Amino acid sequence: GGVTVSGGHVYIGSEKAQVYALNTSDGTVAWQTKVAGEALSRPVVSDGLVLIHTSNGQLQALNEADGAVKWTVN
């Protein structure tokens, strides 16, 4: 697993290859994105992007606002 916080969002990755953004205020889901594989590291946030490294050996960047995948490498 892994949890991080930035910009009014709590980000969490899951083994189910899901990444969640909850609102820091009330825990309500802001967004939810299926990623390329098992998200087994803390998400890392920088410049409006949420970086996800998967067991699959993929590296994806998700938009902080809506969770859309900006890019996927490897």
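The numbering used is simple: start at 1 and walk along the sequence shown.
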Of the three thirds of Cα B-factor ranks in this chain, residue 60 occupies the lowest
Of the three thirds of the chain ranked by Cα temperature factor, residue 30 occupies the middle
On the chain's distribution of Cα B-factors, residue 7 falls within the third called middle
Residue 45: CA temperature factor from the record, placed by chain third, in the lowest
